[PDB]
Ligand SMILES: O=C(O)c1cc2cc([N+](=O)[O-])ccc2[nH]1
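For reference, the chain that follows is the form deposited without the named molecule, supplied as structure tokens.
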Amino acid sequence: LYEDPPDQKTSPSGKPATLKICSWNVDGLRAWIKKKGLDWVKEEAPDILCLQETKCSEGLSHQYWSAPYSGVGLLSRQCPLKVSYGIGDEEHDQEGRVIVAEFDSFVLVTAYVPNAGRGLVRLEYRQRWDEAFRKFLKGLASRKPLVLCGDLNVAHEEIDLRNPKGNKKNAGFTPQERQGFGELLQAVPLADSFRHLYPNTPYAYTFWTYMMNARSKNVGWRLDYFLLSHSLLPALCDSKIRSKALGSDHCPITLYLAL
């Protein structure tokens, strides 16, 4: 049982949020649209909407899509300085997973990280992804403050999932994926906005398998994140999990920044 706290819309210094980013693994764009996903977005009214798993491709009028299955999208009220695709490595750039949108005071990276697979069939490749991804982001962040959002396909610590004991050998909670995430946070460096703000808050998840009635029981995993350069922590107002938004097996997450 979890009730996301009210929206804090001012930074620690009292500056009002000026930027609201929403990110959401929609489990098929067409399906999500049929389940009234776009309606919820219109009410949320973000300045920037990142979407993962669109499986489609080809106040939010600038729209950028990348597809190989998978697929991501990035819809923005204002125009970026520059939009670019992938992470600069042939091998990792074929599955429509990353869009990089550069703005005046920061760079936004939306990602759909490769799952390790049933049986952990793709865990070796996942580790190679993780290492290239962390190198690319460290590159970006050496130049401008970074915001990374999306479905990073890993529950960091035991507090990020409802059943840590039963999932230590399943994709999303292996020691390798968890070490990989701790390494991205250390090396770029990046902080986990939600956990920074709510360090001891249990049962806050953003994904629940469609099977076994898991959402109704709250048997979930936190796989979706907003990770921020440490210099953006003074602009952090809040990082929200919209638990009650329906439309997919993942719920949206929303970030407020005062820039």
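Residue indices: 1-based, along the sequence shown.
Below: the form solved in complex with the named molecule, not depicted.
S.K.: Classify as open or blocked. Procedure: superimpose site C-alphas, place the named molecule with its pose in the bound PDB entry, test each ligand atom against backbone and C-beta atoms at 2.4 Å; 3 or more hits mean blocked.
M.R.: Pocket open on this form.
S.K.: Name the residue from 223, 51, 48, 227 that puts a heavy atom within 4.5 Å of the named molecule in the bound PDB entry.
M.R.: Of the candidates 223, 51, 48, 227, 48 is the one lying within 4.5 Å of the named molecule in the bound PDB entry.
S.K.: Considering the named molecule in the bound PDB entry, which of 135, 122, 128, 77 comes within 4.5 Å of it through any heavy atom?
M.R.: Here the answer is residue option 77.
S.K.: If contact means a heavy atom within 4.5 Å, which one of 99 to 107, 168 to 176, 155 to 163, 86 to 94 is the stretch that engages the named molecule in the bound PDB entry?
M.R.: In the other structure, the partner sits against 99 to 107.
S.K.: Heavy atoms within 4.5 Å of the named molecule in the bound PDB entry: does residue 19 have any?
M.R.: Contact check for residue 19: yes, within 4.5 Å of the named molecule in the bound PDB entry.
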